[PDB]
Amino acid sequence: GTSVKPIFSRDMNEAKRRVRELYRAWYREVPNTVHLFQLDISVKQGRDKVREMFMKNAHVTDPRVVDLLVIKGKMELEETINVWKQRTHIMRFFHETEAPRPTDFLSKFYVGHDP
Amino acid sequence: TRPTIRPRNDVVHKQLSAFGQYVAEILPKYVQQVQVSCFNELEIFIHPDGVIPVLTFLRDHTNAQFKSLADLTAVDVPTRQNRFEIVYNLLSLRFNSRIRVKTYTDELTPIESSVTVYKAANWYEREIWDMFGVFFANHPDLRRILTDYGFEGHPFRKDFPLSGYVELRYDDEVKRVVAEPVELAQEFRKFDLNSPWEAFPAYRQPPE
Amino acid sequence: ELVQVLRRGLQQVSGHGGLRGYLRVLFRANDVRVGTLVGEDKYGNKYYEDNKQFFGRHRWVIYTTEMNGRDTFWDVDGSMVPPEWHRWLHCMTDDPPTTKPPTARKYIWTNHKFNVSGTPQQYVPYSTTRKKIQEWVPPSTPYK
Amino acid sequence: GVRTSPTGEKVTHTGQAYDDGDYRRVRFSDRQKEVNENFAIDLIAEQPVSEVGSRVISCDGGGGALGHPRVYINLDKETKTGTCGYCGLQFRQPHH
Amino acid sequence: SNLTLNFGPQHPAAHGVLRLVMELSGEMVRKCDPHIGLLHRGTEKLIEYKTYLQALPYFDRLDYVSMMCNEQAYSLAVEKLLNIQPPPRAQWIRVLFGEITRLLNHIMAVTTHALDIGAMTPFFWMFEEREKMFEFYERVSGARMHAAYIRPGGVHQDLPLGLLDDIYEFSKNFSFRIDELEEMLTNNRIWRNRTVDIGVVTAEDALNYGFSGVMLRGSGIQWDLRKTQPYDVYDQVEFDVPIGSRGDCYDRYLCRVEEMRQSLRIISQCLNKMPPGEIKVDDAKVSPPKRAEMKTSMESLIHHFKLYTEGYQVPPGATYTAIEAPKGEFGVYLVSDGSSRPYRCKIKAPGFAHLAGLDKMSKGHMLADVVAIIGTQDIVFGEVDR
Amino acid sequence: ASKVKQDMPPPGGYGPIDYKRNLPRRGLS
Amino acid sequence: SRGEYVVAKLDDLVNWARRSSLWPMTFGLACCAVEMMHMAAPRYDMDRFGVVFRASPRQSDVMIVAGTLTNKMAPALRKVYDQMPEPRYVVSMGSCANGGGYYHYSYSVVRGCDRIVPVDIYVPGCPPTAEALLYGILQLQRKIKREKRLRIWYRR
Amino acid sequence: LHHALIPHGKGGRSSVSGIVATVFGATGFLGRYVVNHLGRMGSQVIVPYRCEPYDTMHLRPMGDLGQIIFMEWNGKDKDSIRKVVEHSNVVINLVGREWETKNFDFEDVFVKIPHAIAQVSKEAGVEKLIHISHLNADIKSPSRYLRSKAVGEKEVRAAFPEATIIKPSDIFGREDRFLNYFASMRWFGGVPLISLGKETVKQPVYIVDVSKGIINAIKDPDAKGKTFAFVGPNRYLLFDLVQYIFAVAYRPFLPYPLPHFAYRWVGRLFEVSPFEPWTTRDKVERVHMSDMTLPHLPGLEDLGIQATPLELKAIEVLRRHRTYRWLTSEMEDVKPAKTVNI
Amino acid sequence: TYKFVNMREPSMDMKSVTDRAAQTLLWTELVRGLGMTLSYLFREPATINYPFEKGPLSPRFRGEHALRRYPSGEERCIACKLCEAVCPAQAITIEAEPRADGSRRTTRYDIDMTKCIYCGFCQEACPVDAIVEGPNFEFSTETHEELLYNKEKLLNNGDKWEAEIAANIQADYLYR
Ligand SMILES: CCCCCCCCCCCCCCCCC[C@@H](O)O[C@H](CO[C@H](O)CCCCCCCCCCCCCCC)COP(=O)(O)OCC[N+](C)(C)C
Ligand SMILES: NC(=O)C1=CN([C@@H]2O[C@H](COP(=O)(O)OP(=O)(O)OC[C@H]3O[C@@H](n4cnc5c(N)ncnc54)[C@H](OP(=O)(O)O)[C@@H]3O)[C@@H](O)[C@H]2O)C=CC1
Ligand SMILES: COC1=C(OC)C(=O)C(CC=C(C)C)=C(C)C1=O
Ligand SMILES: COC1=C(OC)C(=O)C(CC=C(C)C)=C(C)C1=O
Ligand code: SF4
Ligand code: SF4
Ligand code: SF4
Ligand SMILES: [Zn+2]
């Protein structure tokens with residue numbers, strides 16, 4: 001049994017339903033974010049970025065972890081809708097000033113010691 | 001023994017012990033332990049499920065009347081299966097007394113919000129959520145309070161690094177403030193200070 | 001008692017050496033009070049006291065017009081005061097260096113320097129340690 | 001005791017001086033390199049050796065509580081002077 | 001919809017760094033949402049990375065209007081965990097400088113409150129007195145505000161030979177400055193119009209919202225930590241606790257002025273009853289020895305070395321220690337694991353709970369009324385954000 | 001080995017210090 | 001040459017007008033703002049030098065960064081700096097604003113405000129005394145006395 | 001490789017990149033981007049400046065402590081160049097002016113100064129020199145500006161044989177004189193275009209692409225004596241480009257044809273300004289001249305850079321030129337213009 | 001013991017009622033405030049004439065750091081690293097080695113003045129009075145780098161300010 005208590009969801013089905021509701025809300029919100037913050041990206045770029053964030057935590061199989069992730073996503077959406085975030089906060093998702101780092105062994109061997 | 005040593009008060013110690021026994025007798029369902037420190041502070045260790053009843057009793061009981069919540073914070077002890085220790089400090093103006101209530105939780109277990117008992121809890125729980133990642137159920141409005149917008153992690157956890165993972169600067173190409181991985185010109189220097197000789201024999205632990 | 005104030009003003013005018021010195025001190029320091037001379041720097045600063053003034057205005061300095069290399073007729077700053085007169089002027093002691101000279105040391109600077117920031121002489125930081133790792137030097141002779 | 005280097009850079013008392021190939025020298029262009037002129041090693045070498053008539057002497061650096069912690073120095077070795085570990089002052093017993 | 005406005009952080013009336021997001025209907029305030037953390041420096045984790053002596057200067061910068069009071073609270077917590085007792089002269093010095101610090105804080109609060117409401121002159125009149133008290137601070141410690149003077153052994157140094165005379169000279173005249181400020185503000189009809197019946201809070205709501213200090217006393221609650229839970233020598237001084245009856249801004253302003261007068265009274269008593277003796281505990285495993293002994297005797301040098309490198313160990317245990325700071329109850333929850341570095345140090349700032357109640361207090365008021373209510377809560381964000 | 005010298009109040013005590021409110025009436029009817 | 005003399009005199013006039021009328025923004029962060037207020041207090045009376053606080057960035061000439069700059073606060077400080085009309089000057093006051101100070105190793109603190117805005121004068125101290133801040137302001141006035149805008153324009 | 005110049009760190013602000021670069025003309029349009037890119041990875045940057053130091057302040061936050069060093073220099077003084085290149089392993093030349101001043105003309109800024117920089121850098125032992133020319137540089141070009149560019153590139157090659165020459169074409173960006181120049185022409189009400197702009201083809205290139213190309217040329221061992229051509233991915237007729245610029249700015253477009261001699265007269269009239277001229281006769285000629293195609297030269301793609309199209313970066317420049325009504329319009333609204341590609 | 005601040009009741013006789021009516025209609029308390037401001041107008045201001053006049057300080061004042069010497073010219077610092085250990089801001093960096101004459105001296109002594117909090121803990125910890133907080137407070141710079149002090153700068157500060165530092169230490173060491 002392992003005797004654990006829930007946050008919101010009983011199993012993975014309800015957790016997936018909450019995930020889908022959060023995704024719908026973010027997808028609806030993206031064009032308003034592009035308009036209000038005067039972003040130079042397109043709506044497609046924003047929705048692709050939204051999709052990318054969800055995919056990152058796709059592997060998780062625990063309903064409590066999924067519930068907490070949905071709570072955090074709702075908090076982030078609330079920050080975005082009320083314009084508590086600024087333009088810099090929204091653009092931090094895109095890492096525009098970070099130089100790309102190669103994943104190949106040779107590139108890493110050449111630059112430094114880090115694995 | 002006289003000049004440099006703090007004097008102790010035994011009347012307050014006896015009174016606090018009696019009241020601890022009183023509270024433990026009234027609420028056997030939730031009270032796991034009662035302690036009185038030797039500088040006359042009374043603590044009550046409870047099961048998490050009794051956060052709301054116990055507090056309510058202490059707030060509304062005629063003989064308790066702890067109607068002020070002085071502080072509410074968390075302590076992180078990674079070696080415990082339940083990582084986080086939740087501490088309520090209560091003050092009774094009627095009886096001019098103080099009491100401490102303690103419980104525990106882990107990363108995935110919610111604790112019931114005590115805003116219905118004390119209004120002051122509203123921000124404190126938010127801080128606990130921001131700094132430690134402990135979720136409070138039925139909180140009217142739970143979100144970050146201290147950290148920057150979009151900040152990732154809970155900085156008051158023991159395994160969170162002191163300087164964090166990201167740092168901010170102004171970039172002229174994008175004409176805005178940007179975040180990057182932390183790089184320090186001078187690394188913070190860790191000091192190994194503990195003496196290899198035991199200081200306090202009264203706190204020695206059995207050799208297992 | 002108005003005539004007393006006016007005569008006080010006329011005496012203030014005449015105590016700066018006439019109209020020229022009075023205007024010079026009026027335009028250099030924005031103040032025309034006449035005090036008692038306590039001492040003079042080797043750089044040219046003059047020090048005055050007037051114990052009837054309230055605490056803070058009872059001691060002052062009239063800066064020199066020419067310190068080490070720069071013209072200080074208009075450009076003066078508080079870092080032009082040498083340390084002994086610095087101790088007297090900030091009321092950290094009652095005894096001026098004229099009556100209570102500092103202890104002489106062979107390593108104390110004989111010439112005070114003011115703040116040098118924004119100039120060629122400014123301080124530039126650098127590491128004061130030697131090289132840590134020594135590299136192998138290959139031989140200068142061919143190997144075959 | 002400040003000496004110059006082949007590039008003209010002044011040598012500090014710790015002995016630091018940039019090599020000719022070192023690019024960091026560029027930080028001193030149109031500015032100056034701050035060097036203290038009073039080398040403490042030469043100054044402490046200038047002090048005379050005290051002669052005392054006891055096997056053990058005591059040193060506190062002068063000025064009482066304004067000096068260093070008081071230490072005791074043994075002067076049994078005839079072909080050597082006893083040196084203070086804080087001050088650098090030297091003591092000996094009369095010989096010859 | 002309502003108009004949404006950013007009040008601060010770059011605002012004269014924001015008391016530093018505060019992002020008040022207000023929802024307004026016209027100039028009526030429908031909702032206040034305080035956003036804080038613009039001065040969150042992560043003090044508690046940093047303290048977790050220091051020895052007990054190294055962490056003391058952080059309490060100077062928590063509430064940078066009442067420095068020695070925070071030093072006193074932290075020192076009392078460490079003393080309780082150490083099971084040691086400061087000497088009497090140190091305790092009398094602590095209470096004297098705590099009352100001087102309360103005078104400084106109350107001057108700042110009242111004058112900047114009046115400045116925000118629109119009266120600028122009393123600020124200028126009283127900041128000269130603030131500068132003289134800064135001179136007292138510097139003469140005792142070498143720093144004008146961040147003294148680091150009060151330490152878990154007592155105080156760092158004894159008083160200079162002429163300090164008490166100057167403190168007496170200042171104290172015998174401060175009451176006339178209080179009188180001039182009162183003549184400017186207390187009976188002015190514009191001041192009363194801007195303060196009376198503004199930000200009324202009931203006693204029960206004040207208790208349940210976690211209020212403390214004047215924010216309780218203005219509503220008639222008869223509470224004061226110096227009278228009910230005295231700490232150093234506060235049981236040996238006589239003073240009255242001012243109590244309000246309306247629970248509004250005007251009553252709290254009157255309470256603060258009366259508390260300044262009571263502070264002058266306590267300062268007089270402390271000046272007359274200063275005893276002789278040492279100024280830190282005569283226990284070299286806690287308090288550092290004198291310099292002359294450290295340069296003369298082996299044990300003194302060893303203890304100086306160890307206290308300045310590793311620091312003293314504190315027996316394991318947890319305490320909650322609170323004081324009546326000028327802004328309300330100031331507390332420390334300090335946990336020791338037996339080593340020379342604290343395991344956890346939670347700081348309780350009265351401004352935290354006071355600002356959390358801003359939305360309740362602003363119901364049915366206007367923008368200028370909210371500015372006055374901000375001033376009446378006596379908020380410094382160094383302690384609110386920590 | 002002279003007498004202990006410390007910052008102390010003078011023999012007897014300091015003069016009394018006023019602290020009460022002082023707002024004279026100062027007006028006609 | 002006549003043009004050299006005329007442009008030099010006009011430079012002197014404009015520089016004097018700018019340094020004699022320095023209006024800092026009403027902006028403070030932490031402990032150091034208390035010493036700023038004491039510098040505005042009667043004993044030092046910065047207003048006697050021509051230094052007057054004004055709330056609006058549009059009516060300000062100098063920004064005094066007096067206190068710790070957090071990561072949450074940095075975009076707002078950059079925004080109010082950008083909204084200052086030019087010429088504008090920045091004065092860094094205290095260790096926190098200078099390089100981080102007591103909170104240099106914190107996760108939420110910018111390590112010196114010069115990572116966000118360019119700085120003209122650094123004032124050391126924790127906090128610097130009101131006298132030290134006044135010294136820094138006068139040093140900025142002397143620095144403004146030294147600029148050669150019209151002479152360099154004529155040299156072009 | 002001189003141990004102190006061995007790269008260390010992760011490539012961030014506090015890292016060591018092993019680059020010591022002297023950037024002439026670093027206080028201009030391209031200079032700020034080049035200095036920012038060098039300071040991002042922890043290079044030691046030397047900025048020779050002739051202007052008022054107040055105008056260099058925006059370059060101060062671009063580097064860690066001690067990584068950006070400012071020094072005065074004179075373009076006509078060899079010792080200043082010697083002083084500012086004595087310690088660098090890379091010298092970049094971004095010196096240029098769109099108009100001629102009473103003290104410096106095109107021959108001074110595009111031939112004499114680059115030649116002096118190249119010669120002194122070669123004598124000092126600098127191993128890498130980057131020289132910026134124009135894609136349209138021609139010895140027989142009608143424009144004075146282009147002819148001096150060609151002569152200067154020849155002299156730079158003569159003085160520093162192992163130099164890398166980069167020829168961009170009409171860089172556009174926030175502080176440019178290309179999109180801003182055409183947007184500002186709304187103040188006259190109509191847009192005068194020679195032959196209605198229907199016989200001019202442009203291939204504009206993004207500023208960040210040029211800066212990244214300079215950085216990659218610095219870090220490319222194969223680019224020693226190479227000549228590159230930095231151009232954008234699309235070619236546009238001038239009429240279509242100006243129409244798109246006015247559409248992104250949401251301003252009414254009123255193009256009318258002006259004869260060449262009349263436009264030359266207007267350039268003459270505007271040249272008389274003692275300040276920065278609004279336009280010049282040389283500028284008018286350059287605007288109306290088609291961009292050259294040089295397929296034999298390597299380009300941005302040979303340095304690992306995918307050229308950014310104008311359609312993704314026009315809004316960040318032209319949103320400033322909109323009125324309040326059109327300020328919030330998104331970037332995918334303005335129907336990208338037609339390209340004459342192949 | 002407690003007192004009330006706002007618990008008085010006005011008199012309801014004709015005399016007091018007419019006095020309050022006169023105060024309402026003739027602005028008496030506002031005139032009193034105007035009189036107070038007029039009184040302050042004719043007082044001597046508290047402003048001092050900086051920089052020709054200076055604010056008062058004490059020998060305990062903590063300012064710019066300096067490294068000191070013995071009267072022979074030998075440095076006092078023996079590289080014990082107590083100041084480095086105690087510094088609350090980690091503003092001090094020390095490297096040391098045996099000197100050519102076998103002495104225990106530093107090869108690196110750095111203070112980051114933009115990290116320092118000017119608490120004076122280093123001078124309390126020092127057992128030979130080598131590192132001190134001097135009396136100087138007017139050392140603002142134009143760049144960040146000028147505030148990163150090395151050993152040469154600190155020794156120069158000591159040689160520059162010893163004449164005042166020794167006198168200041170003489171006035172306070174009996175309290176230490
Ligand atoms: C016609 C209407 C339009 C134009 C309006 C112009 C207004 C008239 C010009 C006003 C001139 C007054 C300025 C002179 C006062 C300077 C005082 C003196 O002190 O300045 C010194 C040197 O002054 C400057 O170097 C030169 C100032 C003036 C330069 C030449 C005068 C040019 C006037 C031409 C006017 C024409 C205007 C253009 C018409 C189109 C430097 O000292 P300073 O740093 O201050 O003080 C230090 C503070 N201390 C003393 C307390 C220690
Ligand atoms: N922008 C474009 O469309 C493309 C640019 N070109 C070339 O790219 C280079 C840089 O372009 P860009 O940034 O736009 O030009 P800018 O006008 O923005 O700046 C050019 C730099 O050269 C300096 N400079 C100019 N003249 C002199 C001089 N007589 N003496 C000393 N320094 C001087 C300027 O300094 P100061 O501020 O003091 O005057 C300035 O820093 C130039 O060589 C240009 O020819 C290549 C294709 C087109
Ligand atoms: C009277 O002029 C002044 C102000 O304008 C009203 C201020 O805001 C301030 C800043 C203090 C408030 C609380 C913003 C000061 C110090 C001042 O002197
Ligand atoms: C004491 O409380 C405080 C204020 O209220 C008086 C402030 O205005 C400010 C800052 C705003 C002005 C411009 C100093 C700060 C930092 C502060 O701490
Ligand atoms: S530098 Fe010191 S006084 Fe200034 S804000 Fe930071 S901690 Fe406070
Ligand atoms: S004064 Fe304090 S913070 Fe500064 S170097 Fe000394 S110990 Fe460190
Ligand atoms: S300055 Fe003093 S405490 Fe610091 S290393 Fe030197 S001798 Fe030790
Ligand atoms: Zn010795």
Side-chain angles (χ1 to χ4, degrees), chain H residues 23-31 34 75-76 81 91-101 103-121 129-173 176-178 181 200-205 207 209-211 213-214 217 223 225-232 267 271 276-277 279-300:
Chain H
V23 190
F24 289 99
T27 77
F29 181 32
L30 179 56
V34 171
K76 282 162 175 167
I81 319 193
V91 169
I92 308 162
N93 175 39
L94 315 173
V95 167
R97 195 99 285 168
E98 275 210 342
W99 55 91
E100 285 174 309
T101 70
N103 278 324
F104 308 80
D105 51 43
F106 290 142
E107 301 77 350
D108 302 340
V109 292
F110 288 141
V111 184
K112 288 199 216 63
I113 284 183
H115 180 272
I117 287 171
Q119 171 168 0
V120 181
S121 303
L129 174 76
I130 312 292
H131 172 77
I132 312 291
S133 180
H134 206 281
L135 173 88
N136 290 316
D138 189 23
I139 216 154
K140 288 188 171 49
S141 172
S143 164
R144 272 282 195 85
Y145 174 109
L146 293 183
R147 298 201 297 259
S148 307
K149 281 289 205 178
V151 174
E153 80 185 346
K154 222 165 306 165
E155 313 252 334
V156 157
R157 194 58 86 180
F160 204 107
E162 314 91 353
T164 302
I165 297 187
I166 290 166
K167 312 153 65 97
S169 80
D170 281 325
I171 308 169
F172 65 86
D176 76 339
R177 266 155 188 305
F178 191 59
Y181 171 88
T200 307
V201 178
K202 295 291 179 189
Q203 189 151 22
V205 62
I207 177 80
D209 295 335
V210 183
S211 183
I214 290 165
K226 277 203 202 320
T227 296
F228 295 84
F230 291 3
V231 292
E271 274 198 1
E276 302 162 309
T279 199
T280 63
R281 285 177 296 174
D282 169 64
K283 178 56 182 286
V284 171
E285 285 282 351
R286 299 209 319 276
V287 151
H288 154 65
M289 170 201 306
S290 289
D291 274 330
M292 289 176 186
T293 34
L294 310 176
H296 66 286
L297 301 180
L300 278 163

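The chains referred to below are lettered A, B, ... by the order of the sequence lines, with proteins before strands, and numbering in each begins at 1.
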Could you tell me if the side chain of [Y] sits less than 4.5 Å from the side chain of [X], heavy atoms only?
| X | Y | value |
| --- | --- | --- |
| H/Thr279 | H/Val284 | yes |
| H/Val205 | H/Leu300 | yes |
| H/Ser169 | H/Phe230 | no |
| H/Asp108 | H/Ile113 | no |
| H/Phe228 | H/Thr164 | yes |
| H/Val210 | H/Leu30 | yes |

Expected list for residues 130-137 of chain H: side-chain donor-acceptor pairs under 3.5 angstrom, two or more places apart:
| from | atom 1 | to | atom 2 | distance (Å) |
| --- | --- | --- | --- | --- |
| H/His131 | ND1 | H/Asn93 | ND2 | 3.1 |
| H/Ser133 | OG | H/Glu153 | OE1 | 3.2 |
| H/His134 | ND1 | H/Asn136 | N | 3.1 |
| H/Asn136 | OD1 | H/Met292 | N | 2.9 |
| H/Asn136 | ND2 | H/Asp291 | OD1 | 2.9 |

Closest non-hydrogen atom pair between [X] and [Y], with its separation:
| X | Y | result |
| --- | --- | --- |
| H/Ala217 | H/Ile166 | CB-CD1, 4.4 Å |
| H/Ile207 | H/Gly173 | CG2-CA, 4.1 Å |
| H/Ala150 | H/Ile139 | CB-N, 4.0 Å |

- Give the intermediate values and the outcome of side chain to side chain contact (heavy atoms under 4.5 Å, CB included) for residues H/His115 and H/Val156. CA-CA 5 Å; H/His115 180 272; H/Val156 157; 5.7 Å; no
Donor-acceptor pair, [X] side chain versus [Y] backbone, under 3.5 Å?
| X | Y | answer |
| --- | --- | --- |
| H/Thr200 | H/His288 | yes |
| H/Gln203 | H/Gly232 | yes |
| H/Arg147 | H/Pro142 | yes |

If you draw the axis of the six-membered ring of [Y], does the NZ or CZ of [X] fall within 45° of it and under 6.0 Å from the ring centre?
| X | Y | answer |
| --- | --- | --- |
| H/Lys283 | H/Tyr181 | yes |
| H/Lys112 | H/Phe104 | no |
| H/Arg177 | H/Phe29 | no |

- Task: Evaluate the criterion side chain to side chain contact (heavy atoms under 4.5 Å, CB included) for residue pair H/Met289 and H/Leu146; output intermediate values, then yes/no.
- Result: CA-CA 11 Å; H/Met289 170 201 306; H/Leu146 293 183; 3.3 Å; yes
- Between H/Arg144 and H/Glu107, does a side chain to side chain contact (heavy atoms under 4.5 Å, CB included) hold up when you go through it step by step? CA-CA 9 Å; H/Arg144 272 282 195 85; H/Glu107 301 77 350; 3.5 Å; yes
- Check the pair H/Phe172, H/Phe178 against ring-ring contact (aromatic ring centres under 6.0 Å, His included), reporting the backbone distance first and the verdict last. CA-CA 6 Å; H/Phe172 65 86; H/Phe178 191 59; 7.4 Å; no
- Is a salt bridge present between H/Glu98 and H/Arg286, judged by a nitrogen-to-oxygen distance below 4.0 Å? yes
- Task: Decide side chain to side chain contact (heavy atoms under 4.5 Å, CB included) for H/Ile117 and H/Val91; before the verdict, give the C-alpha distance in whole Å, the side-chain angles of both, and the deciding distance to 0.1 Å.
- Result: CA-CA 9 Å; H/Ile117 287 171; H/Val91 169; 3.9 Å; yes
Distance (rounded to the nearest 0.5 Å) between [X] [atom1] and [Y] [atom2]:
| X | Y | atom1 | atom2 | result |
| --- | --- | --- | --- | --- |
| H/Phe106 | H/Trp99 | CZ | CH2 | 10.0 Å |
| H/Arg97 | H/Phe110 | CZ | CZ | 9.0 Å |
| H/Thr227 | H/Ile165 | OG1 | CD1 | 4.5 Å |

- State whether the number of non-hydrogen atoms from other residues, nucleotides or ligands found under 6.0 Å of H/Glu276 atom CD is greater than 12. no
- Query: In chain order, what residues pass the side-chain contact (heavy atoms from CB on, under 4.5 Å) check against H/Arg281, with sequence neighbours excluded?
  - Reply: H/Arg264, H/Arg268, H/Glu271
- Message: Tell me every residue that passes side chain to side chain donor-acceptor pair (under 3.5 Å) with H/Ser143, counting only those two or more places apart in sequence or in another chain.
- Response: H/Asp282
